[PDB]
Amino acid sequence: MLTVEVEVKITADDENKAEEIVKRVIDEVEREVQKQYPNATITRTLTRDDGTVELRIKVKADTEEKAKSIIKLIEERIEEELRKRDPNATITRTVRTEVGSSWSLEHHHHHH
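See the structure below:
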């Protein structure tokens, strides 16, 4: 299993109330993901910058694909519940983990 780190930049009308909603929502979704994926660990850090609630989600899951599933359904919910009262509630996915560390497989064809 691997850990996936994304930065979801949540812009709302009230960054105070945006923080409040997104806090509860992830925690309510967390307990429902824990029963689907027992080994998957949901971690989140809301850090407010320039009026944006910068939600950095860390999902340690079986694969990256199954982690992105968890991330996406969180990004659904946190924008839905927030948009109901904050009209300009829009989340920005910025992935902070890159998976594609290439290497030179140099092999000199030297046999006798």
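Be aware that the sequence shown starts at 1, since it is given in the entry's author numbering, and climbs by one per residue. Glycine included, C-beta positions come from ideal geometry on N, C-alpha and C.
Continuous alpha helix (DSSP H) stretch holding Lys84: start and end:
Note, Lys84: premise wrong, no alpha helix (DSSP H); not H, not E.
Let me check understanding here. Comparing Cα to Cα, which of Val4, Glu19 and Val6 lies closest to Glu79?
When only C-alpha atoms are compared, the closest one is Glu19.
Endpoints, beta strand (DSSP E) assigned at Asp49:
For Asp49, the enclosing beta strand (DSSP E) begins and ends at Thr41 to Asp49.
Is the beta carbon of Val4 less than 9 Å from the beta carbon of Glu64?
In contact: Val4 and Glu64 (Cβ atoms closer than 9 Å).
Distance check for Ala40 and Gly51, CA to CA, integer angstroms please.
Approximately 31 Å between the Cα atoms of the pair.
Alpha-carbon to alpha-carbon, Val22 and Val33:
Cα to Cα, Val33 sits roughly 16 Å from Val22.
Does DSSP put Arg96 in a helix, in a strand, or in coil?
The three-state secondary structure of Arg96, taken from DSSP, is coil.
Leaving out five residues on either side along the sequence, give the residues of the same chain with a beta carbon under 7 Å from the beta carbon of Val95.
If we look at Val95 and ignore the five residues flanking it on each side, its Cβ neighbours are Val6.
For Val99, count neighbouring Cβ atoms within 10 angstroms of its own Cβ and tell me buried if that reaches 16, exposed if not.
Per the 10 Å Cβ criterion, exposed.
When you compare only the Cα positions, how much space is there between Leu105 and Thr45?
Going by the C-alpha atoms only, they are around 39 Å apart.
Taking all protein chains shown into account, decide if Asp86 is buried (16 or more other Cβ within 10 angstroms of its Cβ) or exposed.
In summary, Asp86 is buried, with 16 or more beta-carbon neighbours lying within 10 Å of its beta-carbon over all protein chains present.
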